[PDB]
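This document opens with one chain alone, in structure tokens, the form deposited in one PDB entry.
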């Protein structure tokens, strides 16, 4: 049966949020597939309208904000201190992330001028607060931020230009309790993101100390790390720590078991994982 989905149709069935099943569908001929298509269309373009009617009359907000609040709260309970830094950082700020004019991401930055630039991460903004907060609060110190970071090659099925990040951290963790802490941290988040299935790829080096990631089979959900760290000095940090970076959208892509990420991102083409040109 040598006639699966057309170039277009396949591509149009993502916008509409087809199950991998329906995607991997194929037919004997064409007139049968071209007709099976519009049978789905209605079915999907229908469902869309209903997810909207909910969102219109009870939920009043995108599935993207459902998470933000659910996560912030879940963390407030672990005593984390949610913060909210600026979104523009300086050329100076970056550099401190040993990222000279020749690092793989200095080419990945949205430059506003000589020394302004949209933040590729939350790290520098937290290193910075850490400085003045360490000096002021007895440890251990737990804070976090959810915020929209930017990256300008990033556009694909799991990658966007402006994505929503949750960087959470604990400054001053007993070097023993350091992994038990990540594992914890992580758990807390998924336990509240509604994900149950996850592996914990423990990456390990010497120059790159210990890298950690939160996996669901193939997909990466978070990248974690700890201190002391080689950057720590340029940020005037002399204490053990741990941090974790989740990519929200990424996660919505699993709590909602969808295929591409742009369904529930900052968009004017969707409103709550629902392509908006439907009828």
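Think of the rigid core as the biggest set of C-alphas that the two forms share within 1.5 Å after superposition. Positions refer to the first chain, counted from 1.
There is also a form deposited in another entry; it is not shown, and the following applies to it.
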Check your understanding: Picking from 25, 16, 261, 271, which residue has its CA shift by 2 Å or more between this form and the one not shown, once the rigid core of the two forms is superposed?
Key -> 25
Check your understanding: If you line up the core, does residue 161 shift 2 angstroms or more at its C-alpha between this form and the one not shown?
Key -> no
Review point. Under a superposition restricted to the rigid core, does residue 36 display a Cα displacement of 2 angstroms or more between this form and the one not shown?
Key: yes
Practice item. Look at the CA atoms of residue 155 and residue 52: state whether they lie closer or farther apart in that other deposited form than in this form, given a difference of 3 Å or more. Key: farther
Practice item. Note whether the distance between the C-alpha atoms of residue 159 and residue 214 decreases (closer) or increases (farther) in that other deposited form, against the displayed form; the change is 3 Å or more. Key: farther
